[PDB]
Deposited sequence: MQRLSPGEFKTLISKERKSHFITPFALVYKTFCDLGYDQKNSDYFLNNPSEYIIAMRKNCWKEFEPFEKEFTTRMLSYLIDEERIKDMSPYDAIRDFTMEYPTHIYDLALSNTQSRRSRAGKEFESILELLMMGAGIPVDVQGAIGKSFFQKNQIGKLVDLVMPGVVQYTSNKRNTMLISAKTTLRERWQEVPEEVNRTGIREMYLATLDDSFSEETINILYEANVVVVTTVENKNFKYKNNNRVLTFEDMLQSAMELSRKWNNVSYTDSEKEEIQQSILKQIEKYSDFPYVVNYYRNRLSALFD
């Protein structure tokens, strides 16, 4: 047998051993699609195309594996001795009567995985976009003044702490629902000047756009989605717009002299990130460039 509690604990063991991390999957997909071979202008000019292709292919490289995983987990429930000499129809009926909780719990675990993974994959996709564009960023998940809702800080947290002038903060939510309300909260709490909110959401309202606007949160989506749903609306930006802004601001940072301590802190920031991303050559390379400059 296997109690629902015991099944839940098992579900977790297997998921870990069977699935590579969201960042690992994104990185694999980045390299498989040959994005590690494109120059910086590709990322600057085609971020929507890149995001859409990444999303497409990450899902392709996940979905068949989630399907197999589910079937494996359910196999632990099948009880040969209980069902032996049952009619095949009665065996399935029994299974749908005896285990609809275990079954529900497996699927619940899967959706919860999917939600967390979708967000982390989306953030990873955007992170590699900035790295491919050659734009200096600290990844908050790789190292108050900055809430955890902010994923990317350009050009880094040390510089931002020094002065928020000429910096860019980016948050991401795949869909918004009412969860966009979290963002103005973080903006107001820490005195953030403005924040970019990257999304794939095709359904948010003019009311939402305006409330975010008043709060100095700028919604950024793919050019496809803007043109299809928000074409006229100058308060909705595209990734193309955001990348051009990021690039412009970044240039203000490519010839700066730092104090002993500041340079020390920045080095320590980048060091932390080389450590986190040790196993990913393209990313370690990105940071190394920043460190020797």
query	finding
Parts of the chain sequence, as deposited, that carry no C-alpha coordinates in this structure	1-2, 146-152, 303-305
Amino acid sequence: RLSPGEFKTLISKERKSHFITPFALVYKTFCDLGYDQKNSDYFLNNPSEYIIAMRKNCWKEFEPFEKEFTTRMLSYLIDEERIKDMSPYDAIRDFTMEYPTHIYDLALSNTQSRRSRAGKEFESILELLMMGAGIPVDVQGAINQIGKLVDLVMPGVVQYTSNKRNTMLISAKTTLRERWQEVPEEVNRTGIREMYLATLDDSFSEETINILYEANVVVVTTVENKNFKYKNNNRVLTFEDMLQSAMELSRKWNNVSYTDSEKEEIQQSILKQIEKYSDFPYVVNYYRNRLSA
From here on, numbers count along this sequence of modelled residues.
| item | value |
| --- | --- |
| Higher-scoring stretch by recorded Cα B factor average, 81-89 or 182-190 | 81-89 |
| Between the two ranges 6-14 and 273-281, the one averaging a larger CA B factor in the entry | 6-14 |
| Highest-ranked of 59, 239, 50, 228 once sorted by CA temperature factor in the record | 59 |
| Chain-relative CA temperature factor third for residue 121 | middle |
| B-factor third for the C-alpha atom of residue 104 within its chain | middle |
| CA B-factor placement of residue 145, once the chain's modelled residues are sorted into thirds | highest |
| Within-chain third of residue 74 by Cα B-factor, per the entry | highest |
| CA B-factor ranking of residue 66, expressed as a third of its chain | highest |
